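Since the structure comes first, as structure tokens, the remarks are kept for the end.
Per chain, numbering begins at 1; letters A, B, ... match sequence-line order.
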Amino acid sequence: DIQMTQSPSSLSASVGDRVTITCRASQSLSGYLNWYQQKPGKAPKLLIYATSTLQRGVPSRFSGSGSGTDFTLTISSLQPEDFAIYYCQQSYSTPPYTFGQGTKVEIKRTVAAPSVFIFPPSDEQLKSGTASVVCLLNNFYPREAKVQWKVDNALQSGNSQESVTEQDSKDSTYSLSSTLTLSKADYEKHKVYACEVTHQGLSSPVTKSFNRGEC
Amino acid sequence: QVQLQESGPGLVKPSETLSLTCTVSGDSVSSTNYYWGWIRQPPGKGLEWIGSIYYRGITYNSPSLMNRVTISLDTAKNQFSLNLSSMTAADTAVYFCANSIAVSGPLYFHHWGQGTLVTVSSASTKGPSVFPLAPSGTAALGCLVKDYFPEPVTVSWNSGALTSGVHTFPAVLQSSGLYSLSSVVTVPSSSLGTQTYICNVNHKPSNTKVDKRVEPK
Ligand SMILES: [Zn+2]
Ligand SMILES: [Zn+2]
């Protein structure tokens, strides 16, 4: 029946500025609209209920406004802690409930170059027949980064995968793992394994490398 | 301080029925104050309310699911359950149990359980292998958690005492169909030696539990 429409879907703002999230109703809501904040991997937290009354413990920086078809969630000054996905939620004096698609709030901050580390496959892993070489990029910004694997000076393709953490909640940075997957036979085939990292905060691409069997 | 916790199979074969149970603490499911409901969240997606139940046995359902949802409450055990029939790949999601205040005030999921991830798949459960990523001012070390199914794994460091600088990456699905992730932490180069670092890997779908000590090499 009644549907919720949240705008926008994603949002990026600098620390301290004011951000506005809009949730639109199919009909004259008048029941109630509630707002939740959800951090990745955790259950959502109720920020505001009955449109404008703030849940308890919630910072004064959050505010809710609106009635009828249009409602608003407003953050006076963004904090790094505010990185989350925000959901409006509709209900009457009884179920059913309805949620908005959600608004992801990312944080704009100073450019931060990554720290790069390289891990050869453990000896424990090489005994299972597999060799994973891991390159770690720590606490960098912005999220856009390029990692290149070269094995014995030859650029590889298709045998590496990467995954990135959500935006950090205290310092607003990202971290990245790049994993080159090899078989034990092919890992013992080469000597030099190098990880090349390209990022806006880096004057030049940085390379971390190791020779297999040197320590 | 009502507390809710769900227990589920985690893995359900397609076409089969998902059975979840939420255990409630601090308040009784018999109370007239609460609506006991289930909310699911597909991996990268938003929240979808499944259904809720009052103590008289009064059942509310989603219009999209009504067909397949069955919710019941057990007062003797102070639990309530979820029954989803004919599971589809679209049903793969994290399933929350939550309560909501019925009389005192307006409806709003006060208190949630932790998530339980349900993956609809025919593949079998497989526990992870845990390999140390040894360290060489700031050093990095970690654990490679490889070749497990299905999601999720929990990684803690030093029984939870080590949280600062911990980054446990989202798992990637490998060519083989198994999941793999790395958990890393940045620590001072001074530690290495004076400090012990143990990653604790828990894979509930396989009830596998590995502690691996990470020593400098
Ligand atoms: Zn409470
Ligand atoms: Zn870090």
Would you mind reporting whether [Y] and [X] have side-chain heavy atoms less than 4.5 Å apart?
X        : Y        : value
B:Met87  : B:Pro14  : no
B:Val24  : B:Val2   : yes
B:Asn202 : B:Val153 : no
B:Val69  : B:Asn83  : no
B:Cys143 : B:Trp157 : yes
A:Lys208 : A:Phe117 : no
A:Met4   : A:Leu33  : yes
B:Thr154 : B:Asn200 : no

Hey, are [X] and [Y] close enough for a salt bridge, meaning a charged N less than 4.0 Å from a carboxylate O?
X        : Y        : result
A:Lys150 : A:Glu196 : yes
B:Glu215 : B:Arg213 : yes
A:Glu166 : A:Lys104 : yes

**Report entry** Ring geometry between B:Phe96 and B:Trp112 (parallel below 30°, tilted from 30 to 60°, perpendicular above 60°)
**Finding:** perpendicular
Tell me yes or no: between the side chains of [X] and [Y], is some donor less than 3.5 Å from an acceptor?
X        : Y        : value
A:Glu106 : A:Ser10  : no
B:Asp147 : B:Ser129 : no
B:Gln79  : B:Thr23  : yes
B:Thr75  : B:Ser30  : no
A:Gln125 : A:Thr130 : yes
B:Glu6   : B:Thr116 : no

Original post:
Checking side chain to side chain donor-acceptor pair (under 3.5 Å) for the pair B:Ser31/B:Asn33: CA distance, chi angles, key distance, verdict?
Top reply: CA-CA 5 Å; B:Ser31 175; B:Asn33 190 27; 5.2 Å; no
Could you pull out all donor-acceptor pairs under 3.5 Å where a side-chain atom in residues 167-179 of chain B meets a protein atom, sequence neighbours excluded?
{"residue": "B:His167", "atom": "NE2", "partner": "A:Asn138", "partner atom": "OD1", "Å": "3.3"}
{"residue": "B:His167", "atom": "NE2", "partner": "A:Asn139", "partner atom": "OD1", "Å": "3.0"}
{"residue": "B:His167", "atom": "NE2", "partner": "A:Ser175", "partner atom": "OG", "Å": "3.3"}
{"residue": "B:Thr168", "atom": "OG1", "partner": "B:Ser183", "partner atom": "OG", "Å": "2.5"}
{"residue": "B:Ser176", "atom": "OG", "partner": "B:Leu178", "partner atom": "N", "Å": "3.4"}

Is it the case that over 12 heavy atoms from other parts of the model lie below 6.0 angstrom from the [atom1] atom of [X]?
X        : atom1 : result
A:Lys45  : NZ    : no
B:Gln195 : CD    : yes
B:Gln114 : CD    : no

Rounded to the nearest 0.5 angstrom, the CG-CH2 distance for B:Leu73 and B:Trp36 is 9.5 Å
*May I have the step-by-step check of side chain to side chain contact (heavy atoms under 4.5 Å, CB included) for A:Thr173 and A:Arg109, ending in yes or no?*
CA-CA 8 Å; A:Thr173 52; A:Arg109 71 145 278 168; 3.6 Å; yes
For [X] and [Y], which heavy atoms make the closest approach, and how far apart are they?
X        : Y        : value
A:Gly201 : A:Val111 : CA-CG1, 3.6 Å
A:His199 : A:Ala112 : CE1-O, 3.4 Å
A:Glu124 : B:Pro132 : OE1-CG, 3.7 Å
B:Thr21  : B:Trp38  : C-CH2, 3.9 Å
B:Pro205 : B:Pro152 : CD-O, 4.0 Å
B:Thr59  : B:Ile71  : CG2-O, 3.8 Å

Margin query: Is there a side chain to side chain contact (heavy atoms under 4.5 Å, CB included) between B:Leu181 and B:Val155? Walk through the geometry before answering.
Written below: CA-CA 10 Å; B:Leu181 64 81; B:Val155 187; 4.2 Å; yes
Using modelled atom types and a 3.5 Å cut-off, is there a donor and acceptor pairing between side-chain atoms of [X] and backbone atoms of [Y]?
X       : Y        : value
B:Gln41 : B:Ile39  : no
A:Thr53 : A:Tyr49  : yes
A:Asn34 : B:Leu107 : yes

* To do: Take B:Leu141 and B:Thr186 through the test side chain to side chain contact (heavy atoms under 4.5 Å, CB included) and record every step on the way to the result.
  => CA-CA 7 Å; B:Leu141 54 107; B:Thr186 44; over 6 Å; no
Can you confirm if the aromatic rings of A:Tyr97 and B:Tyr60 lie within a centre distance of less than 6.0 Å? no
Using the ring centroid of each side chain, check whether A:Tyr87 and A:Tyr36 are separated by less than 6.0 Å. no
Taken in chain and number order and not counting sequence neighbours, the residues that satisfy salt bridge (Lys or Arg N to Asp or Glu O under 4.0 Å) with B:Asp27 are none
Residue set satisfying salt bridge (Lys or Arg N to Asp or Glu O under 4.0 Å) with A:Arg61, at least two apart, ordered chain then number -> A:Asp82
Residues passing the side chain to side chain contact (heavy atoms under 4.5 Å, CB included) test with A:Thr198, sequence neighbours excluded, are A:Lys146, A:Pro205
message: Please determine whether salt bridge (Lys or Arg N to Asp or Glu O under 4.0 Å) holds for the pair A:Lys189 and A:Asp152, giving the CA-CA distance in whole Å, both sets of side-chain angles, and the decisive distance to 0.1 Å.
response: CA-CA 9 Å; A:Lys189 157 209 164 215; A:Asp152 266 16; over 6 Å; no
A:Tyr187 meets the ring pair (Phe, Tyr, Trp, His ring centres under 6.0 Å) criterion, sequence neighbours left out, with A:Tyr193
### Query
Yes or no on side chain to side chain contact (heavy atoms under 4.5 Å, CB included) for B:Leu47 and B:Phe109, after CA distance, side-chain angles and deciding distance?
CA-CA 12 Å; B:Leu47 305 148; B:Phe109 310 108; over 6 Å; no
Listing, residues 49-58 of chain B side-chain donor-acceptor contacts under 3.5 Å, not counting sequence neighbours, or none:
{"residue": "B:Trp49", "atom": "NE1", "partner": "B:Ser52", "partner atom": "OG", "Å": "3.1"}
{"residue": "B:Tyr54", "atom": "OH", "partner": "B:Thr32", "partner atom": "O", "Å": "2.4"}

